[PDB]
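Asker: Experimental coordinates for this protein are included below, preceded by the sequence.
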Amino acid sequence: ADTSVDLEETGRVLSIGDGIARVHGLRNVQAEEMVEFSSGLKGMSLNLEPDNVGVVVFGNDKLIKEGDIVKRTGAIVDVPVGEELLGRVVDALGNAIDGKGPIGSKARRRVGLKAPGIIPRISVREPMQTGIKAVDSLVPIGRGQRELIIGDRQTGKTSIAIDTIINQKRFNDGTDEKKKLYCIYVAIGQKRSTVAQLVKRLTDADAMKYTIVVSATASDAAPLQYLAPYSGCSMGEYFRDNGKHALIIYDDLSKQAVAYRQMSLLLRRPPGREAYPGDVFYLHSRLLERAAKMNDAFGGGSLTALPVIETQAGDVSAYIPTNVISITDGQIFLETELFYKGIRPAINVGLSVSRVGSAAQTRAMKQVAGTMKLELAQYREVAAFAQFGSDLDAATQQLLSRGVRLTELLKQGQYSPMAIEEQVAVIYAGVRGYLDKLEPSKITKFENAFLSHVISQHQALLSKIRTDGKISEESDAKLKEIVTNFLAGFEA
Amino acid sequence: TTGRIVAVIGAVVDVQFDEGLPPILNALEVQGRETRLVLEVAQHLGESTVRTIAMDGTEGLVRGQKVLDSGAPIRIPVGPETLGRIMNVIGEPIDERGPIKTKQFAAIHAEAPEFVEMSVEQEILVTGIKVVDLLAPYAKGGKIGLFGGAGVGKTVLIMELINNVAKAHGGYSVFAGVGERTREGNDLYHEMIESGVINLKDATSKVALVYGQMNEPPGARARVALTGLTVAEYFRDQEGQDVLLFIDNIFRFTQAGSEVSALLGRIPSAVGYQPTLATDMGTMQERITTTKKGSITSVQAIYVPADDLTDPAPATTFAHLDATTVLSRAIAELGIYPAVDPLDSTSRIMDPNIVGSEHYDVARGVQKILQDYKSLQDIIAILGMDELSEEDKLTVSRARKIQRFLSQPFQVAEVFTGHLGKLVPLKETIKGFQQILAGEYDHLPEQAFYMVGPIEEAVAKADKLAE
Amino acid sequence: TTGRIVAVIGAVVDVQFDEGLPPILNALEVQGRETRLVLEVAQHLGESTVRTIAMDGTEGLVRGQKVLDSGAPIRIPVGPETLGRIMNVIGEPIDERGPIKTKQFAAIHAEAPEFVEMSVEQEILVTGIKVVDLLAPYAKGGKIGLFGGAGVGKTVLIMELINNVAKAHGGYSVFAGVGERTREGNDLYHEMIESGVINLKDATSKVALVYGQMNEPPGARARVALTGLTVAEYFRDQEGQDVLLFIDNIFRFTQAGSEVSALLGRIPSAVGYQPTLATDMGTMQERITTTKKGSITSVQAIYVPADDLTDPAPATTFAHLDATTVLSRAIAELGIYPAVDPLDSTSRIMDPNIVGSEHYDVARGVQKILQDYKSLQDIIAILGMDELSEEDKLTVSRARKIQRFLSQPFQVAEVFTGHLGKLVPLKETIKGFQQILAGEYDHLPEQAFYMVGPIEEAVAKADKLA
Amino acid sequence: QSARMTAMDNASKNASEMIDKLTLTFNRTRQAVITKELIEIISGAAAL
């Protein structure tokens, strides 16, 4: 009485094609449980139908044939979680892909867990410094916040994310454990050589130590690409639920949607708007709701997400683009026009927002950039309204004079994340009018000179602004003094 | 009755009953679960099998699992002991403060008030917001709608109205969060408390809360509005009070339905929507209403997919409103908040017979000039401004200043504007515009009119700008 | 194993087996035919039936016909004896020169190199083409893509590159003609013979040719890329060789996929394409890559349908390239060749730390002025230049001179330009563009810059224009 | 007066040309939206 293959805990493949197995049997499987194929290939139980189980396959279905035995696992899909993963490159299921040995994982976590409710969280209040003036000054990001990076191909979306990961050494190399931020970088649909390029740079910046990289690339099965985000999320909740701080980049959520769309159509689920499943909003809401700030009652830890979405022809009104803009706590919109024009980052002031506002900003920063955002918005308008110097008054000549100078200061190169007090020093100079008489073309050069001066000579003012976290009345006076005088010697 | 689960596909679960088939709308409870899972019966497939929508996650369900017919549609704790509390789609407290000990329970599904139950009183409801008040006045007991694409101001606007109106309101308030951001229910709850609208120690709570956020399965999202609305109908009928209903965002109810629609076996209507969109919206919107028994003042946020106001959903909702505030990313983009579109916002009380001719002539006066300027915009764009008649370059002037005088620093967006929030009284509004239109400020600079409350601040700001 | 043909629809042949069902991807040989008809298994429909894709026309097949499991996937002759030979999807010679006598055979379906196998060396590949070199430089062992709507310059650009790069390349080359014109295969073969890269006398040929053109049934077009690809993989890994891989046109592989997809019974995705579009591009594109074992510099022409770059096919291809040359009908129509869009082409090498800041600053300089000209264009369009600022008119002058200086005569296009092909050295490009930017030629007329190599020739042309 | 005449001749002729093009662009777009919206409905309906 060989009773190893009863149809309650095992089944047999009725048919297989395009990564979808229609398994017979599996009478006791649970929706969303993981199953195993004779070939050591894992799959996931998505459709539990009267006469069959629709199984999505986490790998090449070429090794699966009609008749194969499929075995339950009794477990709803999960993955390795914890500090062991830092500095490692894993696939969408947790397996290492840096051929640097097994992960020493002691904890596991379901990839699909609902986000903490109302009661367990507290308003986002601690800054999450990117290192990018434009961002940290105009569209501030706090911990537990979800801020979207969106724009066409090549407008610089990933860069924002890398600079951010790199900027975190400051605190991670420090003492304070509350200021530390562990990062997670999920590649989806991307190309292996690009990711390999990516993890190289991170290594060269001495950032891998605090980063985990979940990779679900271009040739990985649709279901791996699909899962990848939830997988990476779960690894971030480990830190979030244990009073630690995590930052996750979903690069990008566009390719995942495609994966979802594919997986979903191959299951024969009727296509919806634009060919995607009627629940693509849900696909991303479920995920991004998980980035959150827990109250002290739950460890005070947090998860901050920076999902990426690719627009086409800079059209942000597009259905997917707006679907995701309506989930996150703001967006950073990058335009190719601005980029080519010299404005890098190509952040579009007017169209980007932060729903957290200044609550995610240090007082030093709030002090200097409190009204700048709506000022630049109003500047872009009149700059357009006078692309014909229409008998323009002074209030608007002053508006155009600040607008241009401030625009130059928000410019920034790559890989050189600035420290908060450094940002405050340079914005200060502009916002206060000390630069209204310098020539726009000069501004970039001036900022390198000025910053040099204060960093070298004046670290007492930098350390105080940084420390007090505010701009006291004397600091504000020591600063006025430095800028005006250096400026003069500078314009000799 | 006891049925078994025969198929699970997402939020849709089919159940087979041996004897006694639960009627449509009935709620069934899945046996064997750490948490309460309710399934609402959606259809009778035949063969004593019912197709249902899950009110929560379907993970771990098994074919053959047991399910008991509860014998009635989802029923929730309704009454005064709901005030100051936070409820679920299915009526469970989610604030960790214990049971909700109500005398009665109500089913979230119910017929809308009859035609002979309607009321036609029309009283302006002043809000303190220049634009709304001036051009698209809200009406007490009326149906109000805030239309807007992602991130243009729907919620903040709902936030400043709670402050400028809900806070003084002598009556209850019900805020139902439908498919919105969890972070947001936590911001509001704690704000209600810090301002005593919610009292955790006594019975002075003047607001009940119901939530079914974006982290929920379609099913929950297709019903929270019902739960929310049901709580509100109690205070309207059984107590006869003046209710204030806030829903953010009602579009989520309709997106919820479109998300399971295909699994319900339906040919899609246009734009992907389900074929029953309008009727689904109708039987709901028709309960959110003032009657002779009580009064409801509903403020509903309405999401606009792809920013397209013609999208079957936003499009289908206009008819259910008495006043509409349409927000626009094109306005917002310029830094003009609130980003209301002055030429696409309307109110049923913008009648000389109701607000008066001074109110009315100003409003229309402001709209003509903004329209007049809209038409010229594209043209002076290319052909420039020299050729324009001094008569026409004055309307460009006044328009650009009005465009600004319509912005205002909200008290709930100081974190955004870096400006103290201003609340302007209806007469300060009418007058301010009356004067701009009258040529009484053609000397001050536009910028003086941007982000200010009353016209006097525009005059003061001119000087401050004077250098 | 012997199965029987149960159903036939175009290129989708369903075969039933009684004992021993062949795994997916296995090649079956239909029995009873004048020529070879290979069927590639695509899926197990259950009931001992397999759905397959024919590799040649299916006319004449009959239900109940016998089919034989080959026991493996399409396998093809791989090694140096393929050099100088023209071969089929299924690896048979089609150059009427006998059998390709190789030691080994490789199967066209392989997995992509692993993460740990990747490379990250970034070397610039100079081509002698001004626009490409200056603004979106290619890279050794990198992946290049030329996007182009019908008749814009994709093939002419591949030819010129074959000339300027392939011709003096130490190492092998593989040209894979996918879904294109047969005459072109013929035009190339004979040309290759003539310049001696193909030698029918000695074993000195440096090119292997694989073709599955516009006349083949969908399945053939859907697999020849894999076939050219495999040939290239052999030189890379089995000989650690530096390869050059040219494909015209890779868009055809995806189109082929869309042709059979309904037949495989799939709900279509957007624009009628197959829901498996991205993964199909992916497991294929991911083998076209440089590794630690060998280098593959690959240039792929990407046909853009109806000129729409938002089309699922081209749209999904951007993510696989390191450098892209987006061709434009609008530019072509102005007479600028190559019709490269300067603000739409990019290259991961356009980094100061790789091309040097001199290069990086001229490059961004040129784009900034063309971007600026681009915004003035709307107004220039109704009202012309009159109303323009003296300053604005100088950007316009410079932009129109930079735009013209970006064009250039190709040897390969001599019959049409009426001019002798030019090859400009990088430093000559960096320079010529500096000066233009710098106002050192604001006196010359635009026409002086049109169709020339080095700037020195632009000055001359100006004298001749007098 | 001869230069304003000339400049306004051109401007007017450019305008008309622009008019003719936008109109043709309008119809192409109008036809594609309908077709596009209809294929979307059919796809959903057929999948059932």
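Answerer: Great, that's in hand. Residues are numbered from 1 along each chain as shown, chains lettered A, B, ... in the order given.
Asker: Quick check: residue B:171 is in a strand.
Answerer: No. Under DSSP: H, G, I helix; E, B strand; the rest coil, residue B:171 sits outside any strand and is assigned coil.
Asker: With residue A:195 as the reference, measure out to it.
Answerer: Using CB to CB, to the nearest Å, residue B:171 is found at 58 Å from residue A:195. From N, CA and C alone the C-beta is placed, and that goes for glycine too.
Asker: One more: residue B:62?
Answerer: Per CB to CB, residue B:62 is found 38 Å from residue A:195.
Asker: more neighbours, those two?
Answerer: Applying other CB atoms under 10 Å in any protein chain shown to residue B:62 and residue A:195 shows that residue A:195 carries more neighbours, namely 22 against 18.
Asker: Touching, residue B:53 and residue B:221? I think so.
Answerer: No. Here residue B:53 does not reach residue B:221: they are 10.2 Å apart, not a contact under CB atoms under 8 Å.
Asker: In terms of neighbours, single out the busier of these two.
Answerer: In this view residue B:53 and residue B:221 are compared by other CB under 10 Å, and residue B:221 has more residues nearby, 30 against 26.
Asker: Give the buried residues for the strand or helix carrying that one.
Answerer: Secondary structure assigned from DSSP states H and E places residue B:221 in helix B:218-237. Neighbour-count burial for helix B:218-237 flags B:218-236 (criterion: 16 or more other CB atoms under 10 Å in any protein chain shown).
Asker: Tell me the gap between it and the middle of its chain.
Answerer: Relative to the chain's own centre, helix B:218-237 is displaced by 13 Å; criterion: CA atoms, centre = their mean, to the nearest Å.
Asker: Also stretch A:297-316?
Answerer: The answer for stretch A:297-316 is 5 Å, by CA atoms, centre = their mean.
Asker: Stretch B:360-380 now?
Answerer: Counting by CA atoms, centre = their mean, stretch B:360-380 comes out at 28 Å from the chain centroid.
Asker: what does stretch A:356-374 give?
Answerer: Relative to the mean C-alpha coordinate of its chain, stretch A:356-374 is positioned 21 Å out (CA atoms, centre = their mean).
Asker: so where does the one residue in chain D that gets nearest to chain C fall, helix or strand?
Answerer: Nearest residue of chain D to chain C: residue D:14, at 5.1 Å (CB to the nearest CB). In this assignment (DSSP H and E), residue D:14 forms part of helix D:2-47.
Asker: picking that back up, what about the nearest residue to the residue of chain D closest to chain C once chain neighbours are set aside, distance to residue D:19?
Answerer: Among residues not flanking residue D:14 along the chain, residue C:382 sits closest, at 5.1 Å (CB to CB, 6 or more residues apart in numbering or on different chains). Distance of residue C:382 to residue D:19, given as CB to CB: 11 Å.
Asker: Ok, residue A:230 next?
Answerer: To residue D:19, residue A:230 is 53 Å away according to CB to CB.
Asker: Please compute how far the host helix or strand of residue B:463 lies from its chain's middle.
Answerer: Per DSSP H and E, residue B:463 falls inside helix B:455-466. Helix B:455-466 has its C-alpha centroid displaced from the chain centroid by 35 Å (CA atoms, centre = their mean).
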